[PDB]
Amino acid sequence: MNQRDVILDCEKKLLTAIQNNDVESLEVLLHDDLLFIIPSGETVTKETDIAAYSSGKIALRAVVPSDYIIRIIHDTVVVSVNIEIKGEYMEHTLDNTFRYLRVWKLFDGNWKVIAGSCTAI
């Protein structure tokens, strides 16, 4: 499987974990030291993010990607993607479109998310 196809598989696993609150998968796919920016402008850490999924207050019905734009930079892959989300998110009901940035990097053969952001469209 080529590098682009590997990252697209990693993406599918990440989005499946998110949709199913599979915290065990997220613990492996998200790097401990990542930073995420959310629509309010707040910076979120891995701990905070996993705590939200573990809380049971995130219940997503659909997490649908399209229009991937990808750049491969040695052991790092930069991803831009359209994501449509339907479900319950904390005290918000989602039926919305977002543009996500994700940066994946290899850690001794394992791809992990080190940075990203969510922009409301």
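In case it trips you up, residue 1 is the first one in the sequence shown, and so on.
Visitor: Is the mean CA B factor in the deposited entry higher across 35 to 43 or across 55 to 63?
Guide: Higher mean C-alpha B-factor in the PDB entry: 55 to 63.
Visitor: Hey, what third does residue 23 fall into on Cα B-factor, ranked over its chain?
Guide: It falls in the top third of the chain.
Visitor: Hey, what third does residue 11 fall into on Cα B-factor, ranked over its chain?
Guide: It falls in the bottom third of the chain.
Visitor: Sort the modelled residues of this chain by their C-alpha B factor and say whether residue 30 lands in the lowest, middle or highest third.
Guide: CA B-factor rank for residue 30: lowest third.
Visitor: Quick check on the deposited entry: does the C-alpha B-factor of residue 92 sit in the lowest, middle or highest third of its chain?
Guide: Ranked within chain, residue 92 CA B lands in the highest tercile.
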